[PDB]
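Chain lettering (A, B, C, D and E) follows the sequence in which the chains are written, and residue indices restart at 1 in each chain.
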């Protein structure tokens, strides 16, 4: 009947099918840590923005659109510029080992509708209603419930 | 009345001005751009007819060295033959020596011209075209492209359009790059 | 009758002509290492991409197409730029070859339909059907079989 | 009628404008 | 008939347009 207690009983006794409509609604709302103020974020190396990106050329896009029997699509100036500046200072210590780890965490967050440095609870539309998940509590057993069982019928 | 001038000078405008714009696109893109395409296909025939006999022949061997008994695309040869023809046009304007008199000077000139002409154009090489022309220069196995079966085609009076992959005889297997690259990996591993 | 055992008998007793259609189909399919997850690749120095490459100029291509009694085809700016940076930040780090061996390995892989850093099993169309080969098991005696004997007739 | 103007001013366009473009290429690339 | 317009407006084009291009080169390179 309370938001926090039901997920402690999901492993023990009761399943997900027997919850109330007001209990499924409450378990998909965010916790009490949401609305609690915490103004601090760290590790501002996000894979969302590309530093190599540039404007639409509007002359190359005209040239690539006419199919022009060409041999290269992109501009390759800013993406060779980033390769050169990586090799200049990449040699102070170049194997920095986090290219895997900083990558697969942020990719899995983008499947949950979570931004990359976002430490809080994030919504994603499952069926007809939203489910607020985070990095910490992924609510994966609810997403299995509201996708499988809620194909034909409606729940709020 | 003054309505007839509004009837006549309007129909003078609505007929003369669209058709003057449609003929402009029929002329520039339907006549002039195919016409300019024809003469510059002719200019490789009035001049340059002696090199393209040796050029298309050295390209038929080169496609066999790049690919090596896999299905070649008949359509994007034409994209890459134009770059290979522009390599030989660029070399033969730089040589006082004749092509028939000293042929390997051109193979060192043409292959290195398209070792770089492919490198400045082809970004991704899934078939490794720049990479294989690197090793044909670096291992000097292009000396088999000028041999006693191969000097007979380049002397003969065949236009370069007549030269097919059937007219060029195949290199022996010990001469090609594929066995060279296999025998290398056997020795080094 | 099993995929793994037949290639141990190919040297000993039986040839390639006496296999079943379902045995030739099974021996050309990939092994059990395919579908097994292994997310790691190394040595990202591929000869597939050229760092010296640039866009179609569309004014030079207009000029080279008219046959123009010219003396040079390519642009030679980015390919002299790569020659200069090789002599300066490379001569400190002294010479490197990259052809004594890494070139000929990647060339032989491109004759088998394998990408350059690709450590797994790769298809190539031989006749009418596909044969999955890798760096490790080249399946060269099958390619001799399905090219020579399968000229006129059909096998799956 | 008004169809003769559509007959005349069209043939005025379809004859004067292509020939003005062909002579331009004969002059610039063949004479000049 | 409509063939006289094809006779007249063509000769109007084949005479006015080459001479307008030849005088342009006589003016710019020979006078100006």
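Just so it is clear, contacts are C-beta pairs under 8 Å (C-beta built on N, C-alpha and C of every residue); 3 or more make two chains touch, one makes a residue touch a chain.
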Touching groups left behind when chain D is ignored (all other chains fixed): A, B, C | E
Most widely separated chain from chain D, with each centre as the mean of CA atoms: A
Centroid distance [mean C-alpha coordinates] between chain C and chain A, Å: 36
Euclidean distance of C-alpha centroids - chain B vs chain D, Å: 39
Mean-CA-position distance for chain D and chain A (Å): 64
Inter-centroid spacing, chain D versus chain C (mean Cα positions, whole Å): 58
Residues of chain D whose C-beta touches two or more other chains: 12
Shared interface positions of chain C, touching two or more other chains: 53-54, 56
Chains that touch, pairwise: A-B, A-C, B-C, B-D, D-E
Residues of chain A that touch chain C when the two form their complex: 60, 63, 68, 70-72, 75-76, 80, 83-84, 87-88
Parts of chain B lying in touch with chain A, wherever the complex brings them together: 79, 121-124
Residue ranges of chain A in contact with chain B within the complex: 69, 71-72, 76
Complex contact set, residues of chain B against chain D: 7-8, 11-12, 15-16, 19-20, 23-24, 27, 31-32
Contact set on chain D toward chain B in their complex: 2, 5-6, 9-10, 12-14, 17-18, 21-22, 25
